[PDB]
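Both ligands and their constituent atoms are indexed starting at 1 by order of listing. Sequential numbering from 1 along the given sequence is applied to the chain's residues.
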Amino acid sequence: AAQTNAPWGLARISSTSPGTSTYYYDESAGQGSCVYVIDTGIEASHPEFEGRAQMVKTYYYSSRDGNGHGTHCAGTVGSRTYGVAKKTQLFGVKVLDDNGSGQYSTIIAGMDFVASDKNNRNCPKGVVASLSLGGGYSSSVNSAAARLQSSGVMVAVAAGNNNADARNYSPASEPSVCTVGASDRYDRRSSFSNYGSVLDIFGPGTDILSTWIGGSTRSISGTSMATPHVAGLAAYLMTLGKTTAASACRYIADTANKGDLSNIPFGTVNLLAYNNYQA
Ligand SMILES: [Ca+2]
């Protein structure tokens, strides 16, 4: 398949080079996989989701996304126009309030929720979780992310937007998950992206067009936007049978574009997510 005039980030994850605008992908498009978006919720009624999105848990008085961030992330995972994995099922877990903040105890509960709830869903090709959130180091937050990964979910987490070493942020610093940095359309590390040895991979994170609340769309930037590209790529590759949840991060790193990015400090991987699709 070929989607012309795609968002630059989709085009980038199907290309060996910057500067193209078509997204190429296998038509299976993540069918039979599931992605949990652990964030501010998802506006499931958005037509871009085509009935494939639903809210499954909230820790607040409503399951509505009153912020937009979670809807934007879900759109990059799996919306029809803006998504990597255009046929995946999307499950929203609202651990962040409508101001975009959440207590660590609530975030931990949401991760343990996903580890159990996957047994209540039909995801024969595999289960992914996209965690576009983060704060200071907490061993409890890291151990919750580690447990989720151990349960058989591919966990993708944002490196954080502090232009600092991700070792000092959670769940970014948990070694066993897939920690995602952000790049821009000219293959530079995004100026805000955290870095360090704990990073596994970079994805597109600057000026990312996706869905928003009110049935709308907008471009925004962050490692939060890079993370759902990687989560959607994992869902896509699972459906193709190329990898499993336990192996997906290593598979993505093994098949990534190498050495493309500038401004990677020594000790941090120089790797940009790539779907290796050949039509
Ligand atoms: Ca890792």
Side-chain angles (χ1 to χ4, degrees), residues 13 35-39 73 77 84 104 107-108 110-112 114-115 118 126-183 189-190 193-205 222-238 242-261 264-275:
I13 65 165
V35 184
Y36 287 81
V37 180
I38 304 176
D39 211 283
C73 294
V77 176
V84 173
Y104 268 165
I107 293 161
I108 287 162
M111 289 193 252
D112 283 313
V114 176
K118 68 173 191 293
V127 183
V128 181
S130 192
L131 287 54
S132 289
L133 51 73
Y137 182 90
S138 158
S139 62
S140 297
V141 171
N142 284 8
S143 65
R147 286 192 300 277
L148 180 56
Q149 177 69 54
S150 164
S151 81
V153 173
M154 186 288 179
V155 181
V157 309
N161 305 324
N162 317 96
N163 187 33
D165 199 310
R167 75 189 309 167
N168 298 326
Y169 298 93
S170 290
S173 63
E174 169 48 40
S176 67
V177 303
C178 207
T179 301
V180 183
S183 64
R189 172 170 63 94
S190 307
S193 183
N194 288 347
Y195 54 84
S197 58
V198 74
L199 265 65
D200 294 286
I201 190 68
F202 285 81
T223 60
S224 292
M225 284 64 262
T227 302
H229 284 90
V230 172
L233 177 61
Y236 168 87
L237 295 168
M238 280 170 178
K242 289 302 260 194
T243 189
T244 66
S247 57
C249 190
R250 281 172 281 176
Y251 182 88
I252 288 169
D254 291 347
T255 60
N257 282 309
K258 301 178 169 42
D260 280 349
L261 299 176
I264 303 294
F266 69 85
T268 297
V269 298
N270 190 329
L271 298 173
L272 181 65
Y274 176 46
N275 74 359

Presence of N, O or S from [X] under 3.0 Å of the Ca ion (ligand 1):
X	value
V177	yes
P175	yes
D200	yes

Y236 and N275, any side-chain heavy atoms less than 4.5 Å apart: yes
Using a 3.5 Å distance criterion without hydrogens, assess whether the side chain of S193 forms a donor-acceptor pair with backbone atoms of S190. no
Any donor-acceptor pair under 3.5 Å from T227 side chain to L131 backbone: no
Greater than 12 external heavy atoms within 6.0 Å of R167's CZ: no
